[PDB]
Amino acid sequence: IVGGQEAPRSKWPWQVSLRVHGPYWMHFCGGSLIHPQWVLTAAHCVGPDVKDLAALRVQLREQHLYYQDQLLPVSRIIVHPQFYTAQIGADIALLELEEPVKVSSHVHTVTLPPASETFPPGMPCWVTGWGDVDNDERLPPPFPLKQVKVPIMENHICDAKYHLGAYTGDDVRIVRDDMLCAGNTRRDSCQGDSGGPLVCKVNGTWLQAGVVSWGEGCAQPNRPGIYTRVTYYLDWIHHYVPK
């Protein structure tokens, strides 16, 4: 997270850390708990190439990475079959846990928006994770969960920004209809925040608008964060995840 602060302990009870087997169980991507037995993440975190399930674990919300680890095994990785790269799109995956989690005030699910929900430009949303604090600048120990308020921006405006200082023809889409855009040169997601949630508070309810997907670096001029648009893939999510 670029230009963020440490999250209060009470905030973002749905944030999860994805861990890969090595010298230690290292954080590589974020996720959100959308159901007691399901994590929503980015496809690029776990694909497009098939990964060994034995080398993957989920860690539920912890204030500091690695200090109080209770690693959960994954029974199934479901990557959207249309996914190959984040820039093409369908950058969305589901992790099925071997067990449902026992939910509490400190650990519980995020609400998905209805299909009709159109998060208007300028709406204050929050992105959370344990990713880099700037370009090629890792989160220092003790690795606090960070948060940043980012304004949602119209897809057409974000597409136009990605064309400034680029050879790509103005009529050739960079930011596609299954993508959502947020952030500026002070406030953005970064490497290691991938798969984590963009959440917006609507009528007293936190709704997951986005999954951290891609961008040209972090908080670069005219290069806002690109997110998978959750409303676009609700039918695909609901094919696997109970309502």
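Between two forms, the rigid core is defined as the largest C-alpha subset superposing within 1.5 Å. We number the residues from 1 along the sequence you see.
Structural divergence in 8 other deposited structures of this protein between 104 to 112 and 118 to 126: following superposition by the core, 118 to 126 has C-alpha atoms lying farther from the shown form. Once the C-alpha B-factors are averaged per stretch, 88 to 96 and 101 to 109 rank with 101 to 109 first. Look at the mean CA B-factor for 167 to 175 and for 115 to 123 in the entry; the higher one is 115 to 123. Per the PDB record, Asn184 has a higher Cα B-factor than any other of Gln59, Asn184, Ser213, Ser32.
The PDB entry assigns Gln70 a C-alpha temperature factor belonging to the highest third of its chain's modelled residues.
In the deposited entry, the Cα temperature factor of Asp52 sits in the top third of values across the chain's modelled residues. Among all modelled residues in its chain, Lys201 ranks in the highest third by Cα B-factor. In this PDB entry, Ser10 carries a Cα temperature factor that places it within the highest third of its chain's modelled residues. For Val230, the recorded CA B-factor ranks within the middle third of the chain. Only modelled residues enter the ranking.
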